[PDB]
Each structure stands twice: as structure tokens, then as C-alpha cells.
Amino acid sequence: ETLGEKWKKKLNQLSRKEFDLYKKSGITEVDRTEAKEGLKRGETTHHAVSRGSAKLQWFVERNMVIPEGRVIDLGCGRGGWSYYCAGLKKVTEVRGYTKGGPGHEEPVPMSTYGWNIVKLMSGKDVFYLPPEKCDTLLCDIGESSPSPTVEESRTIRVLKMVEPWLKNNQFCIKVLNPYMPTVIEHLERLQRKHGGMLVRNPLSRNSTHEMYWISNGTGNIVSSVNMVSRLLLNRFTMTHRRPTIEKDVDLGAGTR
């Protein structure tokens, strides 16, 4: 049994009270207050549509993924990754795809900097999308479940889906459950073929074991995974530590 599996079982036994305290203990998070109010008033400039803009930025600012050229954003939801990439120098085009409808976030239209190179398309199930040519492949799909075996299956499905989109391009792909042995096996194969590394984003909540397979890095997958498991297990054992609050992204205005 994996360290991650022990973590999951412990997480599943928490009360909703214990869970709510745990989920943000010692994490980093952006202050969304300003953005949430502006969006409520239908402002279309400056604000990130979600916590996702800031999350992707953390990777980009550390050169783990360097968005360039034609960017595909699989599971774009409201569009946080898409809008953020649209303001980056090397990026020429952003195409976002998301399922929408009951239970799923719909793309939010914005006029943040570089909006004119973005197209977000709802009603698109990525498992039925043919792969297109692109220079950056982003994917943020993976729905949490109390069952790790369910999560294991969802994770493998994503990994099998993304592979045809990968051809010596930049990438950043969510791995919802990286600790189950079968996933590890797949990731090892994928790293051998396409390189990259798994990385834990500090803006991730303790309530999820998600890690991101980014293109620009090397290292041991198993080691990285166990380190996160250790971290998350330890964060059970301490009274809540309030999250480190950071300024949310300003995504600006106007065409490029």
C-alpha cells in the first residue's frame, strides 16, 4: 500500500469540520476578494476568471512550462489558464475546450490583455476530440472522488488522451492521482518518451494529491510523489496553519 493511499483513507475519515480546516492548512492561496467582486459586476478587465490563472502562473514564472505559439487548453472551464497565456509574449493563439453544461463550469468571456487571440469552446468532451497541432498542450482535467481507484481510472484516461497531443511541445498536465501504482507505471513510460517531471503546486489544497506533469524538468517521479504524500500526511498531525495569502494576478486589458 502506497503512502498516498494511507493519506486518502485518513482524508476520507475526516469530519467536514476537520476537512475544512485541513484543506488549507499551510497551503498558499491568492486573495480573490477584489476579483470576485469585480466579476460579480460583470467587469471584463484585469480580473482572473478563477484561481487557475494564478496557479498556472506559478509554473510559468519558474520556467517549468513556457507557453508559446498555438496553445491548447484542455478542460479550460471558465478560462483561467487560457486568459493568462493570452498575455504571454511568445503565445500566438489560445484554443480552450471544456465540457460545460450541468455540473461543469462554462467559459467566461473577458477582455483581459490578449483576449483577441483566445477562443474558448464549451460543449466539448475532450475524450471525443481528435488531436490537433499545437506548440503548448495544457490540461487541467481530473475530478476528485473518495475512491482512489476511481481517481486512478480518471487519471489514466487523461494520460492516454493527452499523449497524441504531445509531440516535442511544451506541456502542463494535471495528474489527479499520481500515487496509485498503475498511474506511476504510465507516468514512467510517458517521461521516458516525452521527458518532463511531476511538480506539486503550492496553491494546491491538501484535499487533493494532484501533481502536474510539466515539460521542462527532470527527476524521479516516485520520489516526488512520496514527498507530497509525506507532506500531506504530516499536515493532518498539526493544528491548522493559516494559508499564506498572496496577491492575485492582474491580467490587464486590451488587444495584442
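So that there is no doubt, residue numbering starts at 1 and follows the sequence shown.
S.K.: Which has higher Cα B-factors on average according to the PDB entry: 159-167 or 181-189?
M.R.: Higher of the two, by average CA B-factor, is 181-189.
S.K.: Do the CA atoms of 216-224 or those of 43-51 have the higher mean B-factor in the entry?
M.R.: Higher of the two, by average CA B-factor, is 216-224.
S.K.: Between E106, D125, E93, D73, which one tops the list for Cα B-factor in this entry?
M.R.: Of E106, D125, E93, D73, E93 has the highest C-alpha B-factor.
S.K.: Looking at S82, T136, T149, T98, which has the biggest Cα B factor in the entry?
M.R.: Highest C-alpha B-factor among the listed residues goes to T149.
S.K.: Could you tell me which third, lowest, middle or highest, the C-alpha B-factor of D140 occupies within its chain?
M.R.: Within its chain, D140 is a lowest-third residue by C-alpha B-factor, going by the deposited values.
S.K.: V175: which third of its chain by C-alpha temperature factor?
M.R.: Answer is lowest: the recorded C-alpha B-factor places it there.
S.K.: C-alpha B factor of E37, ranked within the chain: lowest, middle or highest third?
M.R.: Highest third, going by the recorded CA B-factors of the chain.
S.K.: Thinking about Cα B factors across the chain, which third does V118 belong to?
M.R.: According to the entry, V118 has a C-alpha B-factor in the chain's highest third.
S.K.: Going by what the PDB entry lists, where does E68 fall on CA B-factor within its chain: lowest, middle or highest third?
M.R.: Its C-alpha B-factor belongs to the highest third of this chain's values.
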